[PDB]
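Okay, here we've got a single chain as structure tokens, the form deposited without the named molecule, with questions on binding and movement later.
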């Protein structure tokens, strides 16, 4: 036991049956959207940098039907969601716009509806099921937004691009969820392809598909199953810290600041500010190197870069915690572990570990043994992004 990862046909069946019960008929329409692990390139997306995430086999499925009455009627089967697990509300009009409210889980859906670029949208009934753990740092939020977006497309086709949909999901997260994320989670949930990671250039929005499918390789995800109080909190503080440092250096973003320019201008910025820029500018470089390493088959080089990334996030960006540090220190101790680090926004959530497929069983036993807390594990391949399911 690593945690089981239901396949789509299973999640679809569970969603259909829960809808049949709730609404009294079979649903007409279905879609899926994955969760996400970031292999490397943390706190770079809102700095116009480089990220290398892959989509997981963990996913949100959303089934539903149009209505003729202009209503939205929702049910989520996730415990983890704040109560009530059901909500109904009328579609926004040019006269009354939707509003963030409680239950907080519905905000993600209301936000996507509120910014959906096409019209006219009918009402709908829908059930959500998820295998993404809510609030585990594997991006259940972007899964839900992108599932919601893809579903609305089945009611009312858009005329825009992948990146425009990601930006609609991003704005919904900003205005309705109150969380000023970059573009990474929405982008990988939309753009994943199985047996690949995605080098996303968050400035050009150019994407490269980097093969990550060798039977002698595994990616292991360790849920710390913790979430400290600085999550809601220091993420916006860091994002503001980065924008200052860029202004002080005459730079549109930290993407335009070369690592050698930064060293030779510490005196223009706080000692705290300097350590933040150093992380971001180095991580961008590490992410470019790591992508080339992963294509080459150089797991050792990739693993070193993962660890260098962890040290940087721990000491220079200070978004690690004791629990993530502990879980990374246990992982590197295991023979066959190429590297390990804190993934997502941090202050808790998950570590990602790259290792020999043969060592995963040992690696899971050693990390459980050497972690105070109760840890959960996913052995996860690179998955496809958001799909329509024909019913």
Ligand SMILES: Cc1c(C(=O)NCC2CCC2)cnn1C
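Numbering follows the first chain given and starts at 1. If you superpose the two forms and keep the largest set of C-alpha atoms that fall within 1.5 Å, you have the rigid core.
Structural divergence in 7 other deposited structures of this protein between 185 to 193 and 242 to 250: following superposition by the core, 242 to 250 has C-alpha atoms lying farther from the shown form. Displacement analysis by core superposition in 7 other deposited structures of this protein ranks 263 to 271 above the other of 263 to 271 and 89 to 97 in root-mean-square C-alpha distance from the shown form. As recorded in the PDB entry, 243 to 251 is the stretch of 170 to 178 and 243 to 251 with the greater mean C-alpha temperature factor. The stretch with the higher mean CA B factor, choosing between 15 to 23 and 366 to 374, is 366 to 374. Per the deposited coordinates, the residue with the largest Cα temperature factor out of 193, 154, 141, 320 is 320.
The residue among 58, 61, 334, 50 whose C-alpha carries the highest B-factor in the deposited model is 334.
Ranked within its chain, residue 96 lands in the highest third, by CA B factor from the PDB record. The PDB entry assigns residue 42 a C-alpha temperature factor belonging to the middle third of its chain's modelled residues. Placement of the Cα temperature factor of residue 234 within the chain: highest third of the modelled residues, per the deposited record.
Per the deposited record, the Cα B-factor of residue 357 falls in the highest third when ranked against the other modelled residues of its chain.
For residue 65, the recorded CA temperature factor ranks within the lowest third of the chain's modelled residues.
Heads up, the form deposited with the named molecule bound isn't pictured, but that's what we're talking about next.
The partner is not drawn, yet in the deposited bound form one stretch among 66 to 74, 23 to 31, 320 to 328, 362 to 370 has residues with heavy atoms inside 4.5 Å of the named molecule: 23 to 31.
The named molecule is not drawn, but in the deposited bound form it has a heavy atom within 4.5 Å of residue 8. At least one heavy atom of residue 12 is located within 4.5 Å of the named molecule in the deposited bound form.
The named molecule in the deposited bound form comes within 4.5 Å of a heavy atom belonging to residue 389.
Though the partner is left out of this view, residue 61 does reach within 4.5 Å of the named molecule in the deposited bound form, counting heavy atoms only.
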